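J.: The structure under discussion is supplied below as structure tokens; questions concerning it will follow.
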Amino acid sequence: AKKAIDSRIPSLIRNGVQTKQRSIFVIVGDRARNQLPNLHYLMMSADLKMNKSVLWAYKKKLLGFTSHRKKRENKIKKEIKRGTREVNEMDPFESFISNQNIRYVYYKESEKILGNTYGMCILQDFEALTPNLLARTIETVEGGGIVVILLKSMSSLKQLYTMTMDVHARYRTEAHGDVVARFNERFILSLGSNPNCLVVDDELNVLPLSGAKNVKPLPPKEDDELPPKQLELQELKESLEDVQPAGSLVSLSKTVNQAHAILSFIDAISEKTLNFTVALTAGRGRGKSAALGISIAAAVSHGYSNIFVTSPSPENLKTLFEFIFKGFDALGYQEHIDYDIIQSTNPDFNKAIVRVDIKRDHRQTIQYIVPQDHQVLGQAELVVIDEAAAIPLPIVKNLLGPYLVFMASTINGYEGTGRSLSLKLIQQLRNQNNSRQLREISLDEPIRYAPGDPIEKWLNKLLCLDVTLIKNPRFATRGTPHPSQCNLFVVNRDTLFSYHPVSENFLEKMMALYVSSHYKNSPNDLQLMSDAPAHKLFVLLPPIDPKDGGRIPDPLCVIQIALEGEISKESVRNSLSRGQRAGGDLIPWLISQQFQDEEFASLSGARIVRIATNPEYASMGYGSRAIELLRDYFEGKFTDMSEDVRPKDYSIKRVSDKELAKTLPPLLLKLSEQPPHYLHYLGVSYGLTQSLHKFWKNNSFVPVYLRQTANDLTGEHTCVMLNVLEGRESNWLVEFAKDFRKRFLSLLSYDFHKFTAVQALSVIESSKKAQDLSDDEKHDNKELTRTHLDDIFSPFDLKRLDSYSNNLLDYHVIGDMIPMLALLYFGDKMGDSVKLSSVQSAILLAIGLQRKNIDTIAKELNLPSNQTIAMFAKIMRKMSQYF
Amino acid sequence: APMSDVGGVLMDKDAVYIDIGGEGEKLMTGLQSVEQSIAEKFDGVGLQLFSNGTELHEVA
RNA sequence: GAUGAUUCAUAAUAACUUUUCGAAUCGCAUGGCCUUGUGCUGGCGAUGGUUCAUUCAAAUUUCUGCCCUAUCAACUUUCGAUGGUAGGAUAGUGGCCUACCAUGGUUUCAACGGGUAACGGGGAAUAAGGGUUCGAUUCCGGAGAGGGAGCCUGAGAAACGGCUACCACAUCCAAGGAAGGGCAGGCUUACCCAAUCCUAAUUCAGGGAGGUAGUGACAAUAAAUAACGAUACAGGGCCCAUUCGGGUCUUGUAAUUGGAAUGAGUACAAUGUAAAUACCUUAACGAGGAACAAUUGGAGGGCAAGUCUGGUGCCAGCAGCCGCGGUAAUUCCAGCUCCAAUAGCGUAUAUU
RNA sequence: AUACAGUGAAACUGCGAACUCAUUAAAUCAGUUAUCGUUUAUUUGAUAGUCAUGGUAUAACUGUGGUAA
């Protein structure tokens, strides 16, 4: 009949409504979809102003129903014809689906829902939860909303049971070398830490494993009582009503951080100074686009004719566009009357608003521009550079100029490349302030939900997004430890993600190092390092001090290793047996495509996914020392020669199905504890920069591949470097390096034409490093024959070469003669007869292989043009002597 | 109809009444019978930093 | 060989064909021989298939017939008009169409044109089994099935089917796409193929053809709401007339009392019908306040320790649910008397 | 039922599926012919001499999937 549900559930929902905080329910069982309408109606009975919209995120198929109205009513009518249903009867679940406004979304298509806000969210499938999807949905849930997770899987239920009976115990049944849901286990453990989480069954009985089990109903709120942030909003709105006409826009601002940023922007526009720069860094959901829309409206009110806005793509910018539109409406501008919208003629922009024209008063234009384009910026009054962190850094450096700059950056964004490139852009901002004046404003107050939201706090703790690097006072007092004193340790991933608080703090430090090190990140990287069998984690520690007394150590370097080769093939076969193969090897496939080589399929190697060193420590050599220790560990020097030592498998006790029918591992392990497999090589795949290339050159890696076209986000080409371990043949590496050298000499013509000659010679030297390290001296460049010379060069061309050697001719004749000669010199088939300087060889490569103009080469070298011409004349004089 | 029953939910004062409508059921009953919390179990459970070292129950 | 009549039927001869058709089928029987081969062939029926005839239709065609009007005399070649030859087309005749060729065809006897309320007329139609001309049935004629256009399937459609393009609406969506075509109502149901008849491989199935029932005073029907007595008490009842008066004679009683009758109803059955309702028939109950409780209108009083108004005491007028106490309180002109229509009976306005 | 043999879903095959809005007086309609000037699903009556048994292609049905549909 009627069963009185537990008093914690309505208390939790009404507390969330009163405090504008979100809540999370985990419904376990088959009737979770039957219990959803009760939760939604409790939401709506608590709050009438609450948003009605429901979001349904599912992986593959809907849980027991369909979303098509005609299909549903046809099935109902056929059931009426059979007679199994009364003519007017509805399951409350069916009425819920029929009446309520539900947006159905796949897990893969979580990008579409980013702008929208939803009253309720329903994650149907737990086992496929990814951090990116989780963050994307929970950001859409408004304050007071409910995030429901449906647990309908028996395996997940048994994992939950075993885990709550024993936190130490884990349920991994019938699991070979494969994916292990360590992230899901950490999720389930963190649900007990969450204060606004209830775990209930299909009969709405509260399971006491939740964090909210000691919840109490709040006292009823007073209408006179208001939150202090809203009180400061009232004060700022009173000041706005005193002001005019920007006061309406300030009232339109939803947070005091928005109001302060808006007032700083308005002060900048009132100054109207070209040397002034305002840099706004915001969290996600903090209305940075709202602040910039008020900025554009305020500039229009001041009477700004030229508004240039740039972004990597206008799909980052439509939000700014409607925010600008409602700022225009608040000022008094109306569509088709005083402003007109010209959308994108380009189909790739999906009819995005590219041109905004304003007719009243003087002509005003708000136009979207390409970030790489900067020559049109000569007549720029105000420019908003949105997602300048996502914009590549040299593009930003070129983009800086004498015009009003409003920079937009996303600190602590869900995409970690946003916050890492935000840190690098903060460094570039500190460079920029050193000339043009700069003022920095930050936003951390959410508009959708209350500040200090428990769900947001739990999500940030779980995904390690808000991890920030902090200098170590103990390490500062003890001084920088010596790299030879430092040592390498393997991190056991199970106890790393066992959610013990010490391991949580350690993981926070490693994630802080990871993000602060590399400028490219994603939340799925955490699930990747947790749940991939091939991946291993290494940490470089300072030497252990007795004064620490068992305190948590602070990492110096972080190494991520992915095992790619023949050892991964047995796991790939298991993945093919169990459906999908989730991208095992990258370097073997790339080498197989670039080079037809059957032996590389047999060879097994390790790829360094990321090296991470602390930015505060500069030129410590910790990364190079870590690479040397890793190479020694894979060679076997740290490994004990005696095999009499026990393997000592520190895997956590895995509960079986028969065990259900019927002490933590060490966080850090010495290198001698585990013996690595027989690995043949090390590889790295990274965006080509001068510092990183120098670092890997000092680590003695040899390049075998450079990607033809650079990545759009980074702007740097992908380079692959290999290093053969000792005791393994390097003939294949030497052949690969030689063919890559020839390919690079050819490819300097097209898409490498923008490289500097110094970096080009650096690449050539790194390629020649393999030939230098090769023990066999049989292979050598063949000397250029006289018949070959007469074939590749005309005799009267040689006469012209001698004439310009005697300086009779000009440059414009010898320009034909240059490029083939440079190819000969950098192929070194001409021999060791003529040795050129480094600067002279840079000039020769720049003219010949890169097809660069001498004015540009002189500008790059910071040398006089006549001096460069004389140096080239000396080069070709040596050439003419050699011929 | 807020005073009346709509669907299964019925609200009287602050209380909500909702109609109801093997091994897994047994382990759910075990979960209901369990009163200890996983955070307090984490408080009991200690962690070893290294292979041979002092196990710490809580962070310093 | 037919026929009033043929180049028709039929029979040939030489050919021709994207050229056909001349049973590779099905269930009931296990037939009669002797050759016992397990050979020969054995009967009733299904569904095919050729051509001709028949039937069912249909298309053209023939003559005979329908209003008013010259305040409508020329019409046709102004989608060729009238013919001829040949062709195309069609199921087929044909200006049906196309070349070429002649030139015609219709008529003041009204060709031709206009109006026709042409919801019209037709003995079309059964009647009017004694309404004065009236009922009932049948044909209306055409077109469409969001709107133009092209196409298709079939013995039969330029299909209430489908398809394409175009035009206009409009619906769902995850925004990528997908599908759709109104009628009744105001100022719509249920039961059924039992009858009647039709359609299928067919007796059997199906038919919102068709039948039956329900809500729906209205215009208007045949009743009932009592019929016989008995006793007691009283001396007056009625008619006419301006009054004066006159005429007349078993009448009056809210008096008592007796048994008999039965309709409305309540309700058993059978009949009835595919089933049921209804009808017909029908046991058992069914009146004294016959409370098993008839209305509608008209005429006239009378009453107070009551109220109002006008006065040449005690009057006159208007009137009076109201008095002085009292609402379980009071049994009072006993519920004041009389008249008329009666399941009907008044008012207002118009009109003979 | 040692080919099937009773009753038979699905499927193949065969047959049937021929209300609204506008008003014309040789037009329509009514009769009356003609078809030696035509077409036939059906019904009915006729009608055919000129290998102990050929080859496939699929539905229903299995299964693997795509889609919001």
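J.: Of all residues being within 21 Å of residue A:40 (Cα to Cα) and either within 39 Å of the chain's Cα centre (by Cα) or within 14 Å of RNA strand D (Cβ to nearest atom) (or both) in the stretch A:72-97, which is farthest from the other protein chains (Cβ to nearest Cβ)? Just the residue, please.
T.: The residue in question is A:97.
J.: Which residues, counting only those in the stretch A:480-507, are within 11 Å of another protein chain (Cβ to nearest Cβ) and either within 20 Å of residue B:40 (Cβ to Cβ) or part of a helix (DSSP H, G or I) (or both)?
T.: Residues satisfying the conditions are A:495, A:496, A:498, A:499, A:500, A:501, A:502, A:503, A:504, A:505, A:506.
J.: Please tell me if residue A:104 is of a type in the set (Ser, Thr, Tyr), away from chain B (no Cβ under 14 Å) and within 30 Å of residue A:193 (Cβ to Cβ).
T.: no
J.: Suppose we filter the stretch A:298-320 for residues that are closer than 21 Å to residue A:268 by Cβ and either aliphatic (A, V, I, L, M) or surrounded by 15 or more Cβ atoms within 10 Å (Cβ to Cβ) (or both); how many remain?
T.: So the count comes out to 14.
J.: Filter the stretch B:31-45 down to the residues that are within 7 Å of another protein chain (Cβ to nearest Cβ) and not in a helix (DSSP H, G or I) and list them by number.
T.: Matches in the stretch B:31-45: B:34, B:35, B:37, B:45.
J.: Identify all residues within the stretch A:1-50 that are in contact with a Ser or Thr (Cβ under 9 Å, 6 or more places away or on another chain), within 13 Å of residue A:201 (Cβ to Cβ) and either among the acidic types (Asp, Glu) or facing chain B (nearest Cβ under 8 Å) (or both); write none if there are none.
T.: Once the filter is applied, which keeps residues that are in contact with a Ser or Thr (Cβ under 9 Å, 6 or more places away or on another chain), within 13 Å of residue A:201 (Cβ to Cβ) and either among the acidic types (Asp, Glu) or facing chain B (nearest Cβ under 8 Å) (or both), the stretch A:1-50 yields only A:28.
J.: Checking residue B:28 against (1) within 16 Å of the chain's Cα centre (by Cα); (2) more than 7 Å from chain A (Cβ to nearest Cβ), only one condition comes out false. Which one?
T.: That leaves (2) as the condition not met.
J.: While we're on this one: Residues A:816, A:832, A:855, A:791: which one is among the acidic types (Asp, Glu), assigned to a helix (DSSP H, G or I) and under 26 Å from residue A:738 (Cα atoms)?
T.: Going through A:816, A:832, A:855, A:791 in turn, just one is among the acidic types (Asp, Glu), assigned to a helix (DSSP H, G or I) and under 26 Å from residue A:738 (Cα atoms): A:791.
J.: For the stretch A:281-321, enumerate the residues that are within 24 Å of the chain's Cα centre (by Cα), in a loop (DSSP other than H, G, I, E, B) and of a type outside the set (A, V, I, L, M, F, W, C).
T.: Across the stretch A:281-321, the qualifying residues are A:283, A:284, A:285, A:286, A:287, A:311, A:312, A:313.
J.: Out of (1) away from RNA strand D (no atom under 16 Å from the Cβ); (2) farther than 20 Å from residue A:448 by Cα; (3) loosely packed, with under 13 Cβ neighbours inside 10 Å, the odd one out for residue A:116 is which?
T.: Residue A:116 satisfies every listed condition except (2).
Results for (1) farther than 21 Å from residue A:90 by Cβ; (2) within 16 Å of RNA strand D (Cβ to nearest atom); (3) of a type outside the set (D, E, K, R), shown as yes or no for each residue.
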position: A:21; (1), (2), (3): yes, no, yes
position: A:31; (1), (2), (3): no, no, no
position: A:34; (1), (2), (3): no, no, yes
position: A:38; (1), (2), (3): no, no, yes
position: A:70; (1), (2), (3): no, yes, no
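J.: Hey, among A:544, A:559, which residue is over 25 Å from residue A:188 (Cα atoms), touching a strand residue (DSSP E or B) at 6+ places or on another chain (Cβ under 9 Å), surrounded by fewer than 22 Cβ atoms within 10 Å (Cβ to Cβ) and hydrophobic (A, V, I, L, M, F, W, C)?
T.: A:544
Counting neighbours? That spans all protein chains shown, and the Cβs are built from the backbone with ideal geometry, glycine included. Bear in mind these aren't lab numbers, they're just calculated from the coordinates by the rules spelled out.
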